[PDB]
Structures are given as structure tokens and as C-alpha cells.
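Single-letter residue listing:
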Amino acid sequence: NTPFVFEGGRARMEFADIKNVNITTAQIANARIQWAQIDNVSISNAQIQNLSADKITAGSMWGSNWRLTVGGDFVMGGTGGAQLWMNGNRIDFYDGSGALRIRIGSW
Amino acid sequence: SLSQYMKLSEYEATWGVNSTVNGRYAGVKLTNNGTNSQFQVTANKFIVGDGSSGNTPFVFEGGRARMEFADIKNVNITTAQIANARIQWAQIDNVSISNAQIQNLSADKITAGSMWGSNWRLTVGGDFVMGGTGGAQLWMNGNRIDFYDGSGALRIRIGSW
Amino acid sequence: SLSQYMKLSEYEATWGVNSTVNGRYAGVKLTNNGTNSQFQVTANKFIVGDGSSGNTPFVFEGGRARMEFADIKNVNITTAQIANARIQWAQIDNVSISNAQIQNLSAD
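For this entry, the PDB record names cryo-EM as the structure determination method and reports a resolution of 7.4 Å.

Under the PDB entry, chain C has the name Putative tail tip fiber protein and belongs to Escherichia phage vB_EcoP_SU10. Listed as the entry title in the PDB record is "Bacteriophage SU10 virion (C1)".

By the naming in the PDB entry, chain A goes by Putative tail tip fiber protein and is assigned to Escherichia phage vB_EcoP_SU10.

What follows is the structure in C-alpha cells.
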């Protein structure tokens, strides 16, 4: 095996153990990390067990039984298929048949 | 031995180079004790130059392996300092981040100071404020839900008056 | 003929010092076939020791490039296992995270 191959300007390595790496550009297919400190990130998909954040700018939000739309509709589901639909004009309570039972706000 | 007190011994085909000048040891000791072949470069600077451009795109210097490019299938790292990092699949046990831009965030628990959509905000104080059509605004917290109209006039209050 | 080692054929200059002890091919084979030169260290341990302290702060051992420090301008990696990682800019197609602490989190 050639588990170090410096070829064509590229240090190919099958394994490495680096105590202290500076990197200018990484292209990492898989990355387990115990303690990161990231000044800026873009991410396509995250799966975070315990997120903490000082400010969250969110487009849409979705839980198992609620959603906050990009438009600002906070919709929560209820027992029996009931639904609170809330936005900056009104709170609507729908029942499990989809019938509006209470409106509070702009009619 | 047509080499310098290094030649090749039986047990250790010691291609030493062992440049000893002013008590600085340099070498290339290809030892092979037949169990561990050790190619010990001893140098303040190990270089791989490319055989084409005289670029030195591997330079180990002063304890530091400098690389112009690398292709590492597996890397343990104790400390990274990465200026730019594209990553296809991360698994991060702990992270601090100063700015994030996440297309699809899933999370089991979100501790949050303030939260801000295009037409809503949940403040650090616990005021959830949604904007509405015409500049209307539902402002709610654990004391009340207030509906303001497009002129900022309170139209409905529910909770503490 | 070269005892401690070498071989210039018209088509390949093999600077191959092939330390073959106990069937461990140690070597360093600088081939040059005039199209590709290859400096093949073959070693259980390619060490770069500093010529100063006898520290070995590059040690290619057992298929693993051990590095006390490194400065890599452009690393492709297939699998990282990073104990601590400061990163100034990242672009992460997928991530699982156990704990995050994010000062400003934009998300679609």
C-alpha cells in the first residue's frame, strides 16, 4: 500500500494523526468532531440533539405537532385533529373536522 | 562500504545519511531492522518538491507539515484551525458557532435566546411577535396576547390588562 | 556497481536504495522514467525528525501520517476524527451534532 502518496501537488494519505493542523480549505466527506469552534457556517441538513443559540433567524419551523411558516403562520395541532392557526392578524381554532370554532383578531 | 559510516549493515540496512555538523544531526536513516523499517529523515526541513515545477507542496519545517494539497482518507486530529471547510457528513459532539446558515435544521432540543423569521420574532424576554397583513401585529408573552393594527393601535388584548 | 546502492538505465534512473531486511521492503526508490519520478519511501515508519531536538513530529507509522503540527492549504478528507476544530468558514452538506452553541443561527 502507498498510504502516503504525495502526487501532482497532493499529499494523499490513507490514515493520519495530526495533533495541531492549520487548514486553508478542507473538503471533508465525513467528519466526526468532539469540540468545534466555527466562526461562519452554511449547512444543507443539520440533526442537532441539543442546540443552544443566542439569535435564530428562521424561515419556517416545524415540530411533530406544530409549524411556524415563512409567512408567520404559527400553526399548532391539538388532540382529535384540532388546530390553532395564529398569525399577526388573528388566532383561529379549528376542530378535528376543520371547522373554525374561535377567531380572535381580524375577521 | 562505499558509503559514510552508514553503508548497509546486515541487521539494519542503515542507509544513514547522518550529516553531523556543529552538533546538528541531519540524516536520512533508512533503517530497516526487518521489523520496523524506519525511513528517518532527520532535518529542520523535510521537503517534497514536485518533479515538474519546483513547488515544495509538502514542507515539514520546524515541527509543522505544510501541504499545498492533500487527499486524506482517514484523519485523526487533536486540534484543527480551518479557514474554509466544505464537509459532506459531519458528526459533532460539541460545537460553538458565531454565524450559521442552515437550509434544513433538525434538532431534538433548541435552547434559544431570540428567534426571528421574515414576519415574526420571539424575543429573549419571551415576547412572540408575529406581523400580519397591512402592518398588523400579534404581540404575545406569558402575561398577554395583544393584536395591534397597521397603525400600531391595540385592537384586542387577552391576558393581563 | 554501488554496495550501500543504485541503477541509471536509459529509460529509468532508479535511485532505489532498497533496504530489504527480513522481507520488509524498506526502500527509498527515487524512480525517474522521464515521464514520472516517484520517490517511494517504503517504511513501517517514515519519520521526519527535527535535526535539533530529536522530536519526530512527522511519523508515518502503520499506514498513519502522525503530525505534531501541519499547515494544509487544500485538504480533501474522506473521514475526519477531530478532537478540537476551530473553523472560520464551513459548508456542511449534512451534520449530526450532540451539543451546539450558535451566536447567530440563520436557517431556511
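When helices and strands are tallied, chain C shows 0 helices and 9 strands. Helices and strands in chain C line up, N terminus first, as β-β-β-β-β-β-β-β-β. Viewed in the frame of its principal axes, chain C has a C-alpha envelope of about 70 × 35 × 30 Å. Sequence separation of 24 or more characterises 0% of the internal contacts of chain C that already satisfy a separation of 6 or more.

Looking now at the interface of chain A and chain C. Across the boundary between the two partners, chain A contributes 48 residues, which contact 46 residues of chain C. Split by residue class, the side of chain A that touches chain C holds 22 nonpolar, 19 polar and 7 charged. Bridge count for strand β2 (residues 10-58) of chain A against strand β9 (residues 64-107) of chain C is 35 bridges, and the pairing is parallel. Bridge pairing in β9(C) links A:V21 to C:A70.

Now for the interface of chain B and chain A. With 58 residues of chain B at the contact, the number on the chain A side is 55 residues. For the side of chain B that touches chain A, the secondary-structure elements that each account for two or more residues are β8 (64-117), β10 (128-131) and β11 (137-140) of chain B. Here the side of chain B that touches chain A gets 50 residues from one element, more than from any other, and that element is β8(B). In terms of residue class, the side of chain B that touches chain A is built from 26 nonpolar, 25 polar and 7 charged. Note: β2(A) against β8(B), 38 bridges, orientation parallel. In the sheet register, A:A36 faces β8(B), and the bridge partner there is B:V95.

All names here are of chain C. What the 4 strands build is an open sheet, ordered β1-β2-β5-β6; its pairing is antiparallel. Only two strands of the sheet have a single partner each, and these edge strands are β1 (7-8) and β6 (37-42). Two elements, strand β2 (residues 13-17) and strand β5 (residues 27-32), share 3 bridges in a ladder whose sense is antiparallel. Looking across to β5, one finds that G16 is bridged to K29.

Take the sheet that holds strand β8 (residues 100-105) of chain A next. Pairing between the strands of a sheet is mediated by backbone hydrogen bonds and can be parallel or antiparallel. All names here are of chain A. Read from one edge to the other, the open sheet built from 6 strands follows the order β3-β4-β5-β6-β7-β8, with strand pairing classed as antiparallel. In this open sheet, the two edge strands, each paired with only one partner strand, are β3 (61-63) and β8. With direction set aside, neighbouring strand axes in the sheet form an average angle of 5 degrees. Where β3 and strand β4 (residues 66-68) come together, 3 bridges link them in antiparallel fashion. Note on β4: the bridge partner recorded for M61 is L68.

The rules behind these values
- Residues numbered from 1 in each chain as written, not as in the entry; some residues may be left out.
- Chains lettered and ligands numbered in written order.
- Part of a larger assembly, values for the part shown.
- Heavy atoms only, no water.
- Residues with missing side-chain atoms left out of burial classes, pairs and counts.
- Helix = DSSP H or I, 4+ residues; strand = E, 2+ residues; numbered from the N terminus.
- Contact = heavy atoms within 4.5 Å.
- Nonpolar A, V, L, I, M, F, W, Y, C, P; charged D, E, K, R; others polar.
- Pairing = 2+ DSSP bridges.
- Axes fitted to C-alpha atoms, helices over the stretch in contact; angles between N-to-C directions.

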